[PDB]
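Reading through the structure tokens given below for one structure.
Bear in mind that the values in this text are calculations on the coordinates, not laboratory data. All Cβ positions, even for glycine, are placed from backbone atoms using ideal geometry, and neighbour counts span all protein chains on display.
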Amino acid sequence: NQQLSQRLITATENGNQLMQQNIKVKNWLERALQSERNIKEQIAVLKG
Amino acid sequence: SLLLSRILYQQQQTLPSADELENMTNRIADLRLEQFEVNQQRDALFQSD
């Protein structure tokens with residue numbers, strides 16, 4: 001039971017770290033998607 | 001109508017001169033670039049802290 005509890009605690013900590021990293025990645029990815037759409041629109045009209 | 005020639009001359013004299021048009025399309029591109037630069041600066045300054 002103690003080993004199971006320790007494993008669950010470690011897994012929960014790893015899950016929290018992974019969730020934080022995933023949230024940061026999602027924020028960066030949304031920013032990148034917006035920037036890429038903006039760049040495509042600009043290049044559609046920023047010729048020469 | 002012979003006198004219609006005079007009317008057409010008057011109408012042509014009434015027409016404004018379009019040669020005074022300023023092709024500021026380059027200024028429009030400059031404004032677009034300035035707006036993009038301002039947006040970039042605001043995004044860089046979005047997080048005040």
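Could you say whether any residue in segment A:28-45 is in a loop (DSSP other than H, G, I, E, B) and under 30 Å from B:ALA29 (Cβ atoms)? Break it down into steps so the answer makes sense when it comes.
Within segment A:28-45, the subset in a loop (DSSP other than H, G, I, E, B) is A:44-45.
Going one step further and asking which of them are under 30 Å from B:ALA29 (Cβ atoms), we end up with A:44-45.
Taking every residue of segment A:28-45 in turn, at least one turns out to be in a loop (DSSP other than H, G, I, E, B) and under 30 Å from B:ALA29 (Cβ atoms).
Identify, please: which residue in segment B:16-49 is surrounded by 10 or more Cβ atoms within 10 Å (Cβ to Cβ) and basic (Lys, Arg) and is, among those, farthest from A:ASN38 (Cα to Cα)? Spell out how you get there, then give the answer.
So the first thing to find is which residues in segment B:16-49 are surrounded by 10 or more Cβ atoms within 10 Å (Cβ to Cβ), and the list is B:24, B:27-41, B:43.
After this cut, where a residue has to be basic (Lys, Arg) as well, the list is B:27, B:32.
Numbers: B:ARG27: 21, B:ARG32: 13 Å.
The residue in question is B:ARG27.
Just to be sure, is A:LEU8 farther than 30 Å from B:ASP43 by Cα and in a helix (DSSP H, G or I)?
Details: farther than 30 Å from B:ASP43 by Cα: yes; in a helix (DSSP H, G or I): yes.
In short, yes.
Tell me yes or no: at least one residue of segment B:5-16 is of a type in the set (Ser, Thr, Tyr), within 14 Å of chain A (Cβ to nearest Cβ) and under 26 Å from the mean Cα position of the chain (by Cα). Give the steps one after another, and end with the answer.
Filtering segment B:5-16 for residues of a type in the set (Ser, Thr, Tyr) gives B:5, B:9, B:14.
Now drop any that are not within 14 Å of chain A (Cβ to nearest Cβ), which leaves none.
The answer is no, given that none of the residues of segment B:5-16 is of a type in the set (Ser, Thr, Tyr), within 14 Å of chain A (Cβ to nearest Cβ) and under 26 Å from the mean Cα position of the chain (by Cα).
Run down A:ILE9, A:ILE39, A:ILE23 and say which single residue is free of Cβ contacts under 8 Å to residues at least 40 places away in the same chain, within 28 Å of B:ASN39 (Cβ to Cβ) and away from every other protein chain (no Cβ under 14 Å). Steps first, answer last, please.
Numbers: A:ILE9 fails: within 28 Å of B:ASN39 (Cβ to Cβ); A:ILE39 fails: away from every other protein chain (no Cβ under 14 Å).
When all the criteria are applied, what remains is A:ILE23.
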